[PDB]
Amino acid sequence: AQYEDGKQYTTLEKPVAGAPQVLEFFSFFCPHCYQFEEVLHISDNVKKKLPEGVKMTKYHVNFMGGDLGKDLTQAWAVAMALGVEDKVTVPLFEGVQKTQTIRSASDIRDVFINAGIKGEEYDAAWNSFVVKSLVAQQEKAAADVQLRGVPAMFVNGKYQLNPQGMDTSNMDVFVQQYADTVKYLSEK
């Protein structure tokens, strides 16, 4: 075929009931995630090609960056609850990987403040139980697929993108292939 199991995607030996339709995992500590987000805009280009009526879920994970990793997963939860993903994603990546000015929960918070979320509102979210279950969700969804690496994408809890099996010599081309694969898997 043109899309074959084991080359552009892999199948899960243990499918995941009631999973989000399109589920992406990343970490602000992950160098390819930085690439996927800042250079390739994968998440964005996928969305531009998905059929109507399909939602994208993106979750942060804990297994990179130790203590600050978890902080970042809680901060990402705050981003999702406040709906400010678009406003912190870029400075969070650059703060962890480019300028390296994020060294503590407090530095993470500065980014939200500089992105215009108010302190009171951030601290309130940070400490809220809505955020606690949002952290819970992120952890559970990674748990359901025994996630050991990022970046990672999963479609309807059954298929996993395999970027290793796509030509990277052109970046525009890698992205479209990736997105088109997600679209094919979506319709499967």
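Rules of the game
- Residues numbered from 1 in each chain as written, not as in the entry; some residues may be left out.
- Heavy atoms only, no water.
- Pairing = 2+ DSSP bridges.
- Helix = DSSP H or I, 4+ residues; strand = E, 2+ residues; numbered from the N terminus.
- Axes fitted to C-alpha atoms, helices over the stretch in contact; angles between N-to-C directions.
- Contact = heavy atoms within 4.5 Å.
- Expected span 1.5 Å × (residues − 1).
- Buried < 20%, exposed > 50% of the residue type's maximum accessible area, 1.4 Å probe, protein only.
- Arc of directions from axis to C-beta.

What the entry reports as its method is X-ray crystallography, with 2.4020 Å given for the resolution.

Participant: Sorry, what's going on with the sheet that holds strand β5 (residues 159-161) here?
Facilitator: Sheet strands line up and pair through hydrogen bonds in the backbone, either parallel or antiparallel. In space, the 5 strands of this open sheet follow the order β1-β5-β4-β2-β3, with mixed pairing throughout. The outermost strands of the open sheet, each flanked by one partner alone, are β1 (9-11) and β3 (56-60). Strand after strand, the sheet turns through a mean of 25° between neighbouring axes, direction not considered. Looking at chain direction, β1 and β5 are connected through 3 bridges and run antiparallel. Each residue of the ladder has a partner; that of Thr-11, found in β5, is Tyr-159.

Participant: What am I meant to see in the side chain of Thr-89 here?
Facilitator: Topologically, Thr-89 is positioned in helix α4 (residues 85-98). Not counting chain neighbours up to four residues away, the residues in contact with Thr-89 comprise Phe-28, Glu-37 and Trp-76.

Participant: Would you mind showing me how to read helix α7 (residues 129-143) here?
Facilitator: Under the 1.5 Å per step criterion, the end-to-end length of α7 is 20 Å for 15 residues, consistent within 8% with the ideal 21 Å. For α7, the full list of buried residues reads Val-131, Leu-134, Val-135, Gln-138, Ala-141 and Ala-142. Burial along α7 is one-sided: seen end-on, the buried residues are contained in an arc of 135°. Structural note: α7 exposes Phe-129, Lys-140 and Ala-143 on the side pointing more than 90 degrees away from its buried face. Against the buried residues of α7 lie β2 (22-26), β3, α3 (66-82) and α6 (119-127).

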